[PDB]
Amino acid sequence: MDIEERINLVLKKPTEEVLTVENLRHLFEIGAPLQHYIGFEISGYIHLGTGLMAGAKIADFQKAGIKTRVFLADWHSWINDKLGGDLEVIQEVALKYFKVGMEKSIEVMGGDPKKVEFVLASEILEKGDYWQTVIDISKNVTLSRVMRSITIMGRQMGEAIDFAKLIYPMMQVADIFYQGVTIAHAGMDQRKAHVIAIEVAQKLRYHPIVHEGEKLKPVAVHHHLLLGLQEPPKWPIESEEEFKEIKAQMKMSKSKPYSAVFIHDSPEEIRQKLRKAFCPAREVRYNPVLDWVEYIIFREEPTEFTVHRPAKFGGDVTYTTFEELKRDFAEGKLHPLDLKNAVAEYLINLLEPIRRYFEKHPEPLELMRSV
């Protein structure tokens, strides 16, 4: 495969940022090892952002000849108080529910889960040489820098925060080097860990990434964070900064289940959630539904998306690019009522294999309900 096609595969939506395209091209040209990974805390049900956005990139990376891996961060979740801070439950959930949920997500997004590596973090955390590297990295990062990085775990620096949470970010950086990751993939809210990884890369003594005598810097690839469906806390949004701050607060990972769609939600649950989603007529600056249409439905724009309607409401209309649908919506040619129903049906059909699997094999969801 030509280098341009490989670079494009890495950069295409939903990726939002690559640090940096230059280093990525460099890695491709020198034949450096191409080891990817994206880590996940283990808590509740997998929402569309977690599953579909990561799944889409994993599929793209595979086609680019990059070795992909899903990292189940158990000790990290334990440190971050998930599942009541019960490590054993976290580990059971990771292996019986999360792993398969991700496989199914990767599958519907066009990737091959059989070719994706799955690592439970403890497989490497239980090794002392891993911790020696945590120390090695930590000697190169100021406490101040670590404190400003805790937002990667959806947390804010607060008085009385336990020390274990400060070790977390250093573990995330160590996870990259200990596994020889050259393609560090994550959602945009994890970028701070990757910025640190890139700056300490060439200073590491035990687990630097070495290729033909040179210490490499891993390439960071961040994908877009899908918005939750709830109405924002303020309206109208009055500044670019407000806009960015609100989107940060409104990301689906912080939404209540009623405003977040899960990969195995029922058709009825999907219709209901889209039904109450924030989607004001003609609004295109802040619109959760359009966000999903852009990043899920038009992931690959050389596509077709039809909204079926009676002639009285405009008749059937097929869009080929997100931009076309967006303008139609902004001009009042496409009503929320019809957009919501089309998105719901599209999702119901895309996620069908996932619902089916969790119906055929009921243990995973039984486990989640018991937690």
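For every residue, the number given is its place in the sequence shown, counted from 1.
Novice: Could you check the entry and say whether 143-151 or 173-181 has the higher mean CA B-factor?
Specialist: Between 143-151 and 173-181, it is 143-151.
Novice: Comparing 67-75 with 121-129, which has the greater mean CA B-factor as deposited?
Specialist: Higher mean C-alpha B-factor in the PDB entry: 121-129.
Novice: In terms of CA temperature factor as recorded, identify the highest of 166, 237, 226, 89.
Specialist: Of 166, 237, 226, 89, 237 has the highest C-alpha B-factor.
Novice: Please work out which residue in 102, 193, 157, 279 has the highest C-alpha B-factor recorded for this crystal structure.
Specialist: In this record, 157 carries the highest C-alpha B-factor of the candidates.
Novice: In terms of the chain's CA B-factor thirds, is residue 85 lowest, middle or highest?
Specialist: For residue 85, whose C-alpha B-factor we compare with every modelled residue in the chain, the answer is the middle third.
Novice: Looking at the temperature factor on the CA atom of residue 288, which third of the chain's modelled residues does it land in?
Specialist: Middle third by C-alpha B-factor.
Novice: According to the PDB entry, is the CA B factor of residue 338 in the bottom, middle or top third of its chain, that is, lowest, middle or highest?
Specialist: It belongs to the middle third of the chain when residues are ordered by C-alpha B-factor.
Novice: Mind checking which third residue 189 falls in for C-alpha B-factor across the chain?
Specialist: Its C-alpha B-factor belongs to the lowest third of this chain's values.
Novice: When the deposited Cα B-factors of this chain's modelled residues are ordered and cut into thirds, is residue 261 in the lowest, the middle or the highest one?
Specialist: It falls in the bottom third of the chain.
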